[PDB]
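> My structure is stored as start.pdb, with PDB, C-alpha atoms and all ligand atoms.
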```pdb
ATOM      1  CA  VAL A   3     -17.273  11.005  -7.138  1.00  0.00           C
ATOM      2  CA  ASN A   4     -13.450  11.174  -6.509  1.00  0.00           C
ATOM      3  CA  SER A   5     -10.309  12.338  -8.484  1.00  0.00           C
ATOM      4  CA  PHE A   6      -8.905   8.859  -9.410  1.00  0.00           C
ATOM      5  CA  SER A   7      -8.676   8.409 -13.242  1.00  0.00           C
ATOM      6  CA  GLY A   8      -7.993   5.482 -15.630  1.00  0.00           C
ATOM      7  CA  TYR A   9      -8.654   2.640 -13.155  1.00  0.00           C
ATOM      8  CA  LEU A  10     -10.214  -0.711 -14.108  1.00  0.00           C
ATOM      9  CA  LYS A  11     -13.033  -1.654 -11.676  1.00  0.00           C
ATOM     10  CA  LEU A  12     -12.493  -5.182 -10.244  1.00  0.00           C
ATOM     11  CA  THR A  13     -15.300  -5.226  -7.640  1.00  0.00           C
ATOM     12  CA  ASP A  14     -17.809  -2.951  -5.915  1.00  0.00           C
ATOM     13  CA  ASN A  15     -14.908  -1.355  -3.935  1.00  0.00           C
ATOM     14  CA  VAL A  16     -11.548  -2.361  -5.542  1.00  0.00           C
ATOM     15  CA  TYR A  17      -9.998  -0.568  -8.537  1.00  0.00           C
ATOM     16  CA  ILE A  18      -6.602  -1.197 -10.237  1.00  0.00           C
ATOM     17  CA  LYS A  19      -4.258   0.740 -12.575  1.00  0.00           C
ATOM     18  CA  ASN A  20      -0.728   0.302 -14.072  1.00  0.00           C
ATOM     19  CA  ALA A  21       0.894   3.321 -12.392  1.00  0.00           C
ATOM     20  CA  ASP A  22       3.824   4.522 -10.330  1.00  0.00           C
ATOM     21  CA  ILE A  23       2.242   5.119  -6.879  1.00  0.00           C
ATOM     22  CA  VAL A  24       4.614   8.097  -6.370  1.00  0.00           C
ATOM     23  CA  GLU A  25       3.405   9.806  -9.608  1.00  0.00           C
ATOM     24  CA  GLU A  26      -0.206   8.871  -8.803  1.00  0.00           C
ATOM     25  CA  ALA A  27       0.037  10.357  -5.282  1.00  0.00           C
ATOM     26  CA  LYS A  28       1.658  13.567  -6.623  1.00  0.00           C
ATOM     27  CA  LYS A  29      -1.217  13.974  -9.167  1.00  0.00           C
ATOM     28  CA  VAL A  30      -4.239  13.004  -6.943  1.00  0.00           C
ATOM     29  CA  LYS A  31      -3.040  14.140  -3.446  1.00  0.00           C
ATOM     30  CA  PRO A  32      -5.306  11.474  -1.927  1.00  0.00           C
ATOM     31  CA  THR A  33      -6.464  11.631   1.709  1.00  0.00           C
ATOM     32  CA  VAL A  34      -4.499   8.368   2.341  1.00  0.00           C
ATOM     33  CA  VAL A  35      -1.548   6.808   0.512  1.00  0.00           C
ATOM     34  CA  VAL A  36      -0.477   3.371   1.823  1.00  0.00           C
ATOM     35  CA  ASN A  37       3.222   2.618   2.269  1.00  0.00           C
ATOM     36  CA  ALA A  38       4.603  -0.924   2.058  1.00  0.00           C
ATOM     37  CA  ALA A  39       6.410  -0.497   5.369  1.00  0.00           C
ATOM     38  CA  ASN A  40       8.571  -2.739   7.547  1.00  0.00           C
ATOM     39  CA  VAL A  41       8.302  -2.854  11.353  1.00  0.00           C
ATOM     40  CA  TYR A  42      11.276  -0.447  11.760  1.00  0.00           C
ATOM     41  CA  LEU A  43       9.854   2.087   9.226  1.00  0.00           C
ATOM     42  CA  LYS A  44      13.209   1.890   7.421  1.00  0.00           C
ATOM     43  CA  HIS A  45      12.184   3.109   3.958  1.00  0.00           C
ATOM     44  CA  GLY A  46      15.142   1.899   1.798  1.00  0.00           C
ATOM     45  CA  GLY A  47      13.584   0.489  -1.363  1.00  0.00           C
ATOM     46  CA  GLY A  48      10.467  -0.433  -3.328  1.00  0.00           C
ATOM     47  CA  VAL A  49       7.287   1.515  -2.595  1.00  0.00           C
ATOM     48  CA  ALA A  50       8.789   2.639   0.694  1.00  0.00           C
ATOM     49  CA  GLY A  51      12.135   3.761  -0.693  1.00  0.00           C
ATOM     50  CA  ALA A  52      10.379   5.452  -3.635  1.00  0.00           C
ATOM     51  CA  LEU A  53       7.770   7.235  -1.470  1.00  0.00           C
ATOM     52  CA  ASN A  54      10.432   8.369   0.978  1.00  0.00           C
ATOM     53  CA  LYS A  55      12.711   9.670  -1.832  1.00  0.00           C
ATOM     54  CA  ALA A  56       9.757  11.691  -3.212  1.00  0.00           C
ATOM     55  CA  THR A  57       9.430  13.391   0.255  1.00  0.00           C
ATOM     56  CA  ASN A  58      13.149  14.367   0.186  1.00  0.00           C
ATOM     57  CA  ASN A  59      13.661  11.991   3.211  1.00  0.00           C
ATOM     58  CA  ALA A  60      11.074  13.856   5.375  1.00  0.00           C
ATOM     59  CA  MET A  61       9.092  10.576   5.663  1.00  0.00           C
ATOM     60  CA  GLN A  62      12.203   8.850   7.124  1.00  0.00           C
ATOM     61  CA  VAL A  63      12.894  11.717   9.577  1.00  0.00           C
ATOM     62  CA  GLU A  64       9.285  11.566  10.855  1.00  0.00           C
ATOM     63  CA  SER A  65       9.408   7.762  10.970  1.00  0.00           C
ATOM     64  CA  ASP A  66      12.614   7.707  13.026  1.00  0.00           C
ATOM     65  CA  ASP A  67      11.005   9.953  15.646  1.00  0.00           C
ATOM     66  CA  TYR A  68       7.886   7.656  15.655  1.00  0.00           C
ATOM     67  CA  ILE A  69      10.030   4.543  16.296  1.00  0.00           C
ATOM     68  CA  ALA A  70      12.151   6.275  18.957  1.00  0.00           C
ATOM     69  CA  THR A  71       8.886   7.070  20.837  1.00  0.00           C
ATOM     70  CA  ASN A  72       6.771   3.934  20.173  1.00  0.00           C
ATOM     71  CA  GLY A  73       9.098   1.091  19.165  1.00  0.00           C
ATOM     72  CA  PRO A  74       8.580  -1.113  16.129  1.00  0.00           C
ATOM     73  CA  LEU A  75       5.232  -1.953  14.527  1.00  0.00           C
ATOM     74  CA  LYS A  76       3.850  -5.518  14.455  1.00  0.00           C
ATOM     75  CA  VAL A  77       3.884  -7.553  11.242  1.00  0.00           C
ATOM     76  CA  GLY A  78       0.255  -7.101  10.099  1.00  0.00           C
ATOM     77  CA  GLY A  79       0.036  -3.726  11.851  1.00  0.00           C
ATOM     78  CA  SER A  80       0.076  -0.091  10.820  1.00  0.00           C
ATOM     79  CA  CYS A  81       0.442   3.512  11.893  1.00  0.00           C
ATOM     80  CA  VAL A  82      -0.849   6.786  10.458  1.00  0.00           C
ATOM     81  CA  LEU A  83       1.782   9.491   9.819  1.00  0.00           C
ATOM     82  CA  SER A  84       1.988  12.526   7.590  1.00  0.00           C
ATOM     83  CA  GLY A  85       1.580  12.202   3.817  1.00  0.00           C
ATOM     84  CA  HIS A  86       4.076  15.057   3.329  1.00  0.00           C
ATOM     85  CA  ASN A  87       3.891  16.351  -0.292  1.00  0.00           C
ATOM     86  CA  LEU A  88       2.154  13.161  -1.513  1.00  0.00           C
ATOM     87  CA  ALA A  89      -1.129  12.861   0.447  1.00  0.00           C
ATOM     88  CA  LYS A  90      -2.820  14.171   3.597  1.00  0.00           C
ATOM     89  CA  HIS A  91      -1.827  11.019   5.494  1.00  0.00           C
ATOM     90  CA  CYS A  92       0.407   7.997   4.936  1.00  0.00           C
ATOM     91  CA  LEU A  93      -0.859   4.701   6.324  1.00  0.00           C
ATOM     92  CA  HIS A  94       2.316   2.656   6.888  1.00  0.00           C
ATOM     93  CA  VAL A  95       1.188  -1.002   6.703  1.00  0.00           C
ATOM     94  CA  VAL A  96       3.477  -3.990   7.391  1.00  0.00           C
ATOM     95  CA  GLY A  97       2.695  -6.981   5.261  1.00  0.00           C
ATOM     96  CA  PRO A  98       4.636 -10.204   5.930  1.00  0.00           C
ATOM     97  CA  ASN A  99       8.002 -10.374   4.148  1.00  0.00           C
ATOM     98  CA  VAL A 100       8.348 -13.911   2.669  1.00  0.00           C
ATOM     99  CA  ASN A 101      12.137 -13.211   2.145  1.00  0.00           C
ATOM    100  CA  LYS A 102      12.343 -12.983   6.041  1.00  0.00           C
ATOM    101  CA  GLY A 103      10.129 -16.114   6.636  1.00  0.00           C
ATOM    102  CA  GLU A 104       6.975 -14.291   8.004  1.00  0.00           C
ATOM    103  CA  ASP A 105       3.529 -16.011   8.137  1.00  0.00           C
ATOM    104  CA  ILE A 106       1.605 -15.245   4.881  1.00  0.00           C
ATOM    105  CA  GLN A 107      -1.655 -15.601   6.978  1.00  0.00           C
ATOM    106  CA  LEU A 108      -0.651 -12.164   8.367  1.00  0.00           C
ATOM    107  CA  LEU A 109      -1.432 -10.622   4.947  1.00  0.00           C
ATOM    108  CA  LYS A 110      -5.175 -10.605   5.769  1.00  0.00           C
ATOM    109  CA  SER A 111      -4.457  -8.804   9.088  1.00  0.00           C
ATOM    110  CA  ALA A 112      -2.327  -6.263   7.153  1.00  0.00           C
ATOM    111  CA  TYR A 113      -5.176  -5.501   4.689  1.00  0.00           C
ATOM    112  CA  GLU A 114      -7.685  -5.146   7.581  1.00  0.00           C
ATOM    113  CA  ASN A 115      -5.933  -1.840   8.433  1.00  0.00           C
ATOM    114  CA  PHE A 116      -7.323  -0.384   5.187  1.00  0.00           C
ATOM    115  CA  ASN A 117     -10.900  -0.734   6.548  1.00  0.00           C
ATOM    116  CA  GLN A 118     -10.227   2.168   8.984  1.00  0.00           C
ATOM    117  CA  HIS A 119     -10.076   4.540   5.967  1.00  0.00           C
ATOM    118  CA  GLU A 120     -12.950   5.296   3.551  1.00  0.00           C
ATOM    119  CA  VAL A 121     -10.708   5.751   0.459  1.00  0.00           C
ATOM    120  CA  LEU A 122      -7.031   4.803  -0.096  1.00  0.00           C
ATOM    121  CA  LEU A 123      -4.368   4.791  -2.818  1.00  0.00           C
ATOM    122  CA  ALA A 124      -2.290   1.622  -2.182  1.00  0.00           C
ATOM    123  CA  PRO A 125       0.185  -0.909  -3.528  1.00  0.00           C
ATOM    124  CA  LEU A 126      -0.374  -4.650  -3.319  1.00  0.00           C
ATOM    125  CA  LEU A 127       0.836  -5.629   0.157  1.00  0.00           C
ATOM    126  CA  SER A 128       3.685  -8.122   0.434  1.00  0.00           C
ATOM    127  CA  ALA A 129       4.327  -7.905  -3.379  1.00  0.00           C
ATOM    128  CA  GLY A 130       7.597  -6.833  -4.998  1.00  0.00           C
ATOM    129  CA  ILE A 131      10.632  -7.180  -2.720  1.00  0.00           C
ATOM    130  CA  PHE A 132       8.413  -8.577   0.111  1.00  0.00           C
ATOM    131  CA  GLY A 133       8.352 -11.832  -1.882  1.00  0.00           C
ATOM    132  CA  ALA A 134       4.643 -12.845  -1.893  1.00  0.00           C
ATOM    133  CA  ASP A 135       2.673 -13.861  -5.004  1.00  0.00           C
ATOM    134  CA  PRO A 136       0.934 -10.621  -6.197  1.00  0.00           C
ATOM    135  CA  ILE A 137      -2.046 -12.684  -7.528  1.00  0.00           C
ATOM    136  CA  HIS A 138      -2.567 -13.946  -3.961  1.00  0.00           C
ATOM    137  CA  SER A 139      -2.162 -10.431  -2.549  1.00  0.00           C
ATOM    138  CA  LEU A 140      -4.898  -9.114  -4.888  1.00  0.00           C
ATOM    139  CA  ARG A 141      -7.254 -11.978  -3.868  1.00  0.00           C
ATOM    140  CA  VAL A 142      -6.711 -11.232  -0.134  1.00  0.00           C
ATOM    141  CA  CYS A 143      -7.241  -7.513  -0.821  1.00  0.00           C
ATOM    142  CA  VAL A 144     -10.581  -8.114  -2.587  1.00  0.00           C
ATOM    143  CA  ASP A 145     -11.729 -10.577   0.106  1.00  0.00           C
ATOM    144  CA  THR A 146     -10.650  -8.363   3.081  1.00  0.00           C
ATOM    145  CA  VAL A 147     -10.933  -4.649   2.221  1.00  0.00           C
ATOM    146  CA  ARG A 148     -14.486  -3.237   2.281  1.00  0.00           C
ATOM    147  CA  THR A 149     -13.527   0.451   1.854  1.00  0.00           C
ATOM    148  CA  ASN A 150     -12.670   1.949  -1.513  1.00  0.00           C
ATOM    149  CA  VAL A 151      -9.131   1.034  -2.573  1.00  0.00           C
ATOM    150  CA  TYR A 152      -7.298   2.265  -5.690  1.00  0.00           C
ATOM    151  CA  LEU A 153      -4.386  -0.120  -6.358  1.00  0.00           C
ATOM    152  CA  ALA A 154      -1.307   1.123  -8.274  1.00  0.00           C
ATOM    153  CA  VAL A 155       0.730  -1.641  -9.925  1.00  0.00           C
ATOM    154  CA  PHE A 156       4.174  -0.470 -11.102  1.00  0.00           C
ATOM    155  CA  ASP A 157       4.972  -3.424 -13.486  1.00  0.00           C
ATOM    156  CA  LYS A 158       2.893  -3.279 -16.761  1.00  0.00           C
ATOM    157  CA  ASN A 159       3.549  -6.981 -17.314  1.00  0.00           C
ATOM    158  CA  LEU A 160       2.275  -7.833 -13.799  1.00  0.00           C
ATOM    159  CA  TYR A 161      -0.710  -5.460 -14.146  1.00  0.00           C
ATOM    160  CA  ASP A 162      -1.839  -7.299 -17.293  1.00  0.00           C
ATOM    161  CA  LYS A 163      -1.378 -10.698 -15.606  1.00  0.00           C
ATOM    162  CA  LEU A 164      -3.357  -9.545 -12.491  1.00  0.00           C
ATOM    163  CA  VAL A 165      -6.295  -8.351 -14.662  1.00  0.00           C
ATOM    164  CA  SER A 166      -6.309 -11.352 -17.043  1.00  0.00           C
ATOM    165  CA  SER A 167      -6.191 -13.912 -14.132  1.00  0.00           C
ATOM    166  CA  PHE A 168      -8.730 -12.118 -11.848  1.00  0.00           C
ATOM    167  CA  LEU A 169     -11.709 -14.259 -10.823  1.00  0.00           C
TER     168      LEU A 169
HETATM  169  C1  LIG A 201      11.031   4.371  -8.479  1.00  0.00           C
HETATM  170  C2  LIG A 201       9.996   3.380  -7.989  1.00  0.00           C
HETATM  171  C3  LIG A 201       8.640   3.661  -8.069  1.00  0.00           C
HETATM  172  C4  LIG A 201       7.734   2.719  -7.619  1.00  0.00           C
HETATM  173  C5  LIG A 201       8.246   1.538  -7.106  1.00  0.00           C
HETATM  174  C6  LIG A 201       7.392   0.419  -6.588  1.00  0.00           C
HETATM  175  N1  LIG A 201       5.947   0.502  -6.639  1.00  0.00           N
HETATM  176  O1  LIG A 201       7.936  -0.550  -6.174  1.00  0.00           O
HETATM  177  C7  LIG A 201       9.617   1.356  -7.054  1.00  0.00           C
HETATM  178  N2  LIG A 201      10.442   2.262  -7.479  1.00  0.00           N
END
```
Will you turn the file into structure tokens for me?
Ligand SMILES: Cc1ccc(C(N)=O)cn1


Amino acid sequence: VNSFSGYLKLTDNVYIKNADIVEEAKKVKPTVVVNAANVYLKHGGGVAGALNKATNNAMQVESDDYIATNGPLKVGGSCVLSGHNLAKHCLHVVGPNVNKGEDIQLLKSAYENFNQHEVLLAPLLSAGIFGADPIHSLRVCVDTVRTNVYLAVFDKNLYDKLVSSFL
């Protein structure tokens, strides 16, 4: 048993809810919250800008030190950093950004990072301002992630479309 409430069960391991991932993280304090990161860990908008704002910019300060030491992530890659006031850990995962012309085949590689963690609170990778089709992102999630993932979908309209179109 875990602390996640109000989710619809899609599969053995994937759950979904219409929720603000920031508000969900603040309530649950999960072991792992996933950030929709870019390779530079520049958290300006969307899930990343919202998560970073909720940490009072401490996520960005930590991220800048990580990049100064290690250089940029790979598209499809990840790093584990602090969860600050939101979670124990933040898994920063880089899905391909369609609005930058990145290979959508890298979405499966991105979701494979989730398998290193038994339970995660996450957004749909490459959705929102990353430009991918969220229906596709949910299909890749279900077909790739084997650990227990609790998906937070900000848009109520999109949430309802994801549920009603799910095979
Ligand atoms: C303020 C806020 C919360 C959540 C998101 C999101 N999931 O893109 C964006 N902005």

> Could you produce a table of the residues of region 53-161 of chain A lying within 8 Å of region 26-46 of chain A, with the nearest pair of atoms per residue and their separation in Å rounded to one decimal, using only C-alpha atoms, ordered by chain and increasing residue number, as a tab-separated table?


```
residue	atom	partner	partner_atom	distance
A:53	CA	A:37	CA	7.5
A:54	CA	A:45	CA	6.3
A:62	CA	A:45	CA	6.6
A:65	CA	A:43	CA	6.0
A:66	CA	A:43	CA	7.3
A:69	CA	A:42	CA	6.9
A:73	CA	A:42	CA	7.9
A:74	CA	A:41	CA	5.1
A:75	CA	A:41	CA	4.5
A:76	CA	A:41	CA	6.0
A:77	CA	A:41	CA	6.5
A:85	CA	A:35	CA	7.1
A:87	CA	A:28	CA	7.3
A:88	CA	A:28	CA	5.2
A:89	CA	A:31	CA	4.5
A:90	CA	A:33	CA	4.8
A:91	CA	A:34	CA	4.9
A:92	CA	A:35	CA	5.0
A:93	CA	A:36	CA	4.7
A:94	CA	A:37	CA	4.7
A:95	CA	A:39	CA	5.4
A:96	CA	A:39	CA	5.0
A:97	CA	A:38	CA	7.1
A:119	CA	A:34	CA	7.7
A:121	CA	A:34	CA	7.0
A:122	CA	A:34	CA	5.0
A:123	CA	A:35	CA	4.8
A:124	CA	A:36	CA	4.7
A:125	CA	A:36	CA	6.9
A:127	CA	A:38	CA	6.3
A:128	CA	A:38	CA	7.4
A:154	CA	A:26	CA	7.8
```

> CA of residue 21 (chain A) and CA of residue 120 (chain A) are how many Å apart?

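For CA of residue 21 (chain A) relative to CA of residue 120 (chain A), the distance reads 21.2 Å.
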
> Counting only C-alpha atoms and all ligand atoms, which protein, DNA or RNA residues come within 9 Å of ligand LIG 201 (chain A), given as an NGL selection string?

:A and (21-25 or 38 or 47-53 or 55 or 125-126 or 129-131 or 154-157)

> Calculate how many Å separate CA of residue 132 (chain A) from CA of residue 102 (chain A), rounding to one decimal.

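Result for CA of residue 132 (chain A) versus CA of residue 102 (chain A): 8.4 Å, one decimal.
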
> Show which residues sit within 10 Å of residue 147 (chain A), as a list in words. Count only C-alpha atoms, and ignore same-chain residues fewer than 2 positions away.

residues 15, 16, 110, 113, 114, 115, 116, 117, 118, 119, 142, 143, 144, 145, 149, 150 and 151 of chain A

> Please write as a PyMOL selection string the full residue list that the PyMOL selection byres (((chain A and resi 11) around 12) and not hetatm) yields on this file.

chain A and resi 6-10+12-19+144+150-153+165+168

> So how far away is CA of residue 79 (chain A) from CA of residue 108 (chain A), in Å?

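We find that CA of residue 108 (chain A) and CA of residue 79 (chain A) lie 9.2 Å from each other.
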
> Please work out which residues fall within 10 Å of (-0.9, -13.8, -6.6), coordinates as given in the file, with only C-alpha atoms counting, and return them as a list in words.

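Those residues, ordered by chain and then number, are residues 126, 129, 134, 135, 136, 137, 138, 139, 140, 141, 142, 160, 163, 164, 167 and 168 of chain A.
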
> Residues as selected, C-alpha atoms, written as a JSON list (two decimals), keeping the file's coordinate frame, can you do that?


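Output saved as out03.json:
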```json
[["chain", "number", "residue", "atom", "x", "y", "z"],
["A", 126, "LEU", "CA", -0.37, -4.65, -3.32],
["A", 129, "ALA", "CA", 4.33, -7.90, -3.38],
["A", 134, "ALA", "CA", 4.64, -12.84, -1.89],
["A", 135, "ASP", "CA", 2.67, -13.86, -5.00],
["A", 136, "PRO", "CA", 0.93, -10.62, -6.20],
["A", 137, "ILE", "CA", -2.05, -12.68, -7.53],
["A", 138, "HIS", "CA", -2.57, -13.95, -3.96],
["A", 139, "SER", "CA", -2.16, -10.43, -2.55],
["A", 140, "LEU", "CA", -4.90, -9.11, -4.89],
["A", 141, "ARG", "CA", -7.25, -11.98, -3.87],
["A", 142, "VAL", "CA", -6.71, -11.23, -0.13],
["A", 160, "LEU", "CA", 2.28, -7.83, -13.80],
["A", 163, "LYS", "CA", -1.38, -10.70, -15.61],
["A", 164, "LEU", "CA", -3.36, -9.54, -12.49],
["A", 167, "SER", "CA", -6.19, -13.91, -14.13],
["A", 168, "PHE", "CA", -8.73, -12.12, -11.85]]
```

> Have a look at A:133, A:68, A:20, A:146 and name the one nearest to residue 100 (chain A); count all atoms listed in the file.

A:133

> Restore N, CA and C atoms in region 22-41 of chain A and list the result as a PDB file, in the frame of the given file.


```
ATOM      1  N   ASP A  22       2.831   4.212 -11.375  1.00  0.00           N
ATOM      2  CA  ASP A  22       3.824   4.522 -10.330  1.00  0.00           C
ATOM      3  C   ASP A  22       3.062   5.216  -9.208  1.00  0.00           C
ATOM      4  N   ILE A  23       2.963   4.553  -8.041  1.00  0.00           N
ATOM      5  CA  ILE A  23       2.242   5.119  -6.879  1.00  0.00           C
ATOM      6  C   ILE A  23       2.760   6.502  -6.465  1.00  0.00           C
ATOM      7  N   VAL A  24       4.042   6.760  -6.671  1.00  0.00           N
ATOM      8  CA  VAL A  24       4.614   8.097  -6.370  1.00  0.00           C
ATOM      9  C   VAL A  24       3.976   9.157  -7.278  1.00  0.00           C
ATOM     10  N   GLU A  25       3.946   8.872  -8.589  1.00  0.00           N
ATOM     11  CA  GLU A  25       3.405   9.806  -9.608  1.00  0.00           C
ATOM     12  C   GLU A  25       1.899   9.920  -9.411  1.00  0.00           C
ATOM     13  N   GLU A  26       1.229   8.833  -9.060  1.00  0.00           N
ATOM     14  CA  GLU A  26      -0.206   8.871  -8.803  1.00  0.00           C
ATOM     15  C   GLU A  26      -0.518   9.738  -7.585  1.00  0.00           C
ATOM     16  N   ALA A  27       0.245   9.554  -6.502  1.00  0.00           N
ATOM     17  CA  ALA A  27       0.037  10.357  -5.282  1.00  0.00           C
ATOM     18  C   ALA A  27       0.265  11.849  -5.578  1.00  0.00           C
ATOM     19  N   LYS A  28       1.339  12.154  -6.279  1.00  0.00           N
ATOM     20  CA  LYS A  28       1.658  13.567  -6.623  1.00  0.00           C
ATOM     21  C   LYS A  28       0.510  14.206  -7.407  1.00  0.00           C
ATOM     22  N   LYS A  29      -0.125  13.451  -8.292  1.00  0.00           N
ATOM     23  CA  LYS A  29      -1.217  13.974  -9.167  1.00  0.00           C
ATOM     24  C   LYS A  29      -2.511  14.109  -8.356  1.00  0.00           C
ATOM     25  N   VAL A  30      -2.935  13.067  -7.639  1.00  0.00           N
ATOM     26  CA  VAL A  30      -4.239  13.004  -6.943  1.00  0.00           C
ATOM     27  C   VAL A  30      -4.208  13.728  -5.592  1.00  0.00           C
ATOM     28  N   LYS A  31      -3.101  13.643  -4.836  1.00  0.00           N
ATOM     29  CA  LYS A  31      -3.040  14.140  -3.446  1.00  0.00           C
ATOM     30  C   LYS A  31      -4.165  13.507  -2.657  1.00  0.00           C
ATOM     31  N   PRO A  32      -4.222  12.161  -2.604  1.00  0.00           N
ATOM     32  CA  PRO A  32      -5.306  11.474  -1.927  1.00  0.00           C
ATOM     33  C   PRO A  32      -5.272  11.757  -0.419  1.00  0.00           C
ATOM     34  N   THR A  33      -6.383  11.547   0.244  1.00  0.00           N
ATOM     35  CA  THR A  33      -6.464  11.631   1.709  1.00  0.00           C
ATOM     36  C   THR A  33      -5.461  10.656   2.337  1.00  0.00           C
ATOM     37  N   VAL A  34      -5.372   9.443   1.799  1.00  0.00           N
ATOM     38  CA  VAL A  34      -4.499   8.368   2.341  1.00  0.00           C
ATOM     39  C   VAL A  34      -3.727   7.702   1.211  1.00  0.00           C
ATOM     40  N   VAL A  35      -2.406   7.701   1.304  1.00  0.00           N
ATOM     41  CA  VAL A  35      -1.548   6.808   0.512  1.00  0.00           C
ATOM     42  C   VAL A  35      -1.021   5.738   1.469  1.00  0.00           C
ATOM     43  N   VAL A  36      -1.038   4.492   1.042  1.00  0.00           N
ATOM     44  CA  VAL A  36      -0.477   3.371   1.823  1.00  0.00           C
ATOM     45  C   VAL A  36       0.973   3.178   1.416  1.00  0.00           C
ATOM     46  N   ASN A  37       1.823   3.042   2.442  1.00  0.00           N
ATOM     47  CA  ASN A  37       3.222   2.618   2.269  1.00  0.00           C
ATOM     48  C   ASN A  37       3.358   1.151   2.600  1.00  0.00           C
ATOM     49  N   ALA A  38       4.142   0.452   1.808  1.00  0.00           N
ATOM     50  CA  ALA A  38       4.603  -0.924   2.058  1.00  0.00           C
ATOM     51  C   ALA A  38       5.765  -0.900   3.037  1.00  0.00           C
ATOM     52  N   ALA A  39       5.428  -0.723   4.307  1.00  0.00           N
ATOM     53  CA  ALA A  39       6.410  -0.497   5.369  1.00  0.00           C
ATOM     54  C   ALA A  39       6.952  -1.806   5.910  1.00  0.00           C
ATOM     55  N   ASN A  40       8.089  -1.685   6.629  1.00  0.00           N
ATOM     56  CA  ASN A  40       8.571  -2.739   7.547  1.00  0.00           C
ATOM     57  C   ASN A  40       8.391  -2.242   8.986  1.00  0.00           C
ATOM     58  N   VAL A  41       8.624  -3.151   9.928  1.00  0.00           N
ATOM     59  CA  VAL A  41       8.302  -2.854  11.353  1.00  0.00           C
ATOM     60  C   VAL A  41       9.166  -1.725  11.900  1.00  0.00           C
TER      61      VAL A  41
END
```
